[PDB]
């Protein structure tokens, strides 16, 4: 459930928070609109697990595996079993044009998987963009009655470390690993005023990654419907945003600030970026792929 009567926490023994010691001295841990930025060292997972288990929380995880991307599912789901919301109720929603090709992955107790058959668009850009419409369409079909939160991710990924209830909040985005240290003018927002995703050079908080966003079902429905409607306006005007759904996600989260922001621990590419000191954990990472080959 979300927003229901909360019972009391049990007695717990844990280290006292240190008011006069910053939890991180190297990174920003709260946005200017008072949303936590989630890094290792900012949270006590024992306290959070108690809070969310007492609310009987169910987390949905959406993933699209269309055309050749079915190949990514086995590692994605295996590693999600090891690292994603372990101990909590989970419902995986695998959207695919090939149900027969979803691997039989053994799930832990309290975890379930549904296969949702959808059409396959020809262009990879359209496959990626139409996720917003598809997630929105399923936010009445299933999600509102089945889960409390939705987490929406790319499939060409693997979990390597804990991803848990510390992410859960009404609306979150994730810092894209290529831009967390960049100035806003260097962010690859859409810069053409003719697109609904347009963001001027002097605006922007962060560059959020298309590959990991989420929130309550209500907030995810809002986000995905808004991004889809914006993409349909652009299509009618003969323009396609520079980074497709990611461009529209960024416009939405500029104008509707997230209530948590995930650090790049939650969206990383070790091949391209290594393992910087500022990353104490690499939680959810890109898997190698010949992009051109696998998209066609």
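Numbering follows the first chain given and starts at 1.
As listed in the deposited structure, the average C-alpha B-factor of 148 to 156 and of 194 to 202 is greater for 194 to 202. As recorded in the PDB entry, 133 to 141 is the stretch of 133 to 141 and 103 to 111 with the greater mean C-alpha temperature factor. Residue set 282, 273, 286, 20: peak C-alpha B-factor at 20 (per PDB entry).
Annotation for residue 253: CA B-factor lies in the lowest third of the chain's modelled residues. Ranked against the other modelled residues of its chain, the C-alpha B-factor of residue 233 as given in the entry falls in the highest third. In this PDB entry, residue 239 carries a Cα temperature factor that places it within the highest third of its chain's modelled residues. Ranked by C-alpha B-factor against the other modelled residues of its chain, residue 51 falls in the middle third. Ranked against the other modelled residues of its chain, the C-alpha B-factor of residue 178 as given in the entry falls in the middle third.
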